[PDB]
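Student: An experimental structure, sequence included, is below.
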Amino acid sequence: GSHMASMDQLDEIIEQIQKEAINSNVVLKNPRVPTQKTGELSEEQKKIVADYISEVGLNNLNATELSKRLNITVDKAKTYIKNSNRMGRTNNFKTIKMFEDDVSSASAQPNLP
């Protein structure tokens, strides 16, 4: 998509109108606050999704009840379910809850025998 007229617009002609061009997108040194604000699951959205994972299990919910409250399309709901949790608890629930115990009443401390 482009504009081509070259008849109705021959009065004011200019190449740059702002303090940026190619000197920022090619050469950046500000890795602090990226623009990730594109519906990437905030807080209310978990109170729909994970609230449902607490109610019916993982797979006994439907995509319609998600899309009605999250305002995603049904096909985004259908894939988002398996995309966040394909097996449930990232399949890690096979060892935790019946194997972890305290030894020296400490956690994430240096312990290399």
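Tutor: Everything's here; your move. Numbering: from 1, shown residues only.
Student: only C-alpha atoms for contact and neighbour calcs from this point on.
Tutor: Fine.
Student: where exactly do the helices run in the protein?
Tutor: All helices of the chain, identified by DSSP state H, fall at 46-53, 63-70, 74-84.
Student: Show residues contacting the second one.
Tutor: With contacts defined as CA atoms under 8 Å, 6 or more residues apart in numbering, helix 63-70 is touched by 45, 48, 49, 72, 73, 74, 75, 77, 78.
Student: Name the nearest residue to the third one, ignoring sequence neighbours.
Tutor: With CA to CA, 6 or more residues apart in numbering as the criterion, residue 49 has its nearest non-adjacent residue at 7.0 Å, and that residue is residue 66.
Student: Please report the distance of the one you found from residue 51.
Tutor: From residue 66 across to residue 51, the span is 11 Å (CA to CA, to the nearest Å).
Student: For those two, indicate the residue with more neighbours.
Tutor: Each of residue 66 and residue 51 has its neighbours counted (other CA atoms under 10 Å); residue 66 has more, 22 against 11.
Student: picking that back up, possible to save the helices of the chain as JSON lines with distance to residue 112?
Tutor: Below are these laid out as JSON lines (distance: least, CA to CA, whole Å):
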{"stretch": "helix 46-53", "distance to residue 112": "38"}
{"stretch": "helix 63-70", "distance to residue 112": "47"}
{"stretch": "helix 74-84", "distance to residue 112": "35"}
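Student: now for the chain, which residue lies nearest the mean position of the chain?
Tutor: Taking CA atoms, centre = their mean, the centroid of the chain lies closest to residue 40, which sits 3.4 Å from it.
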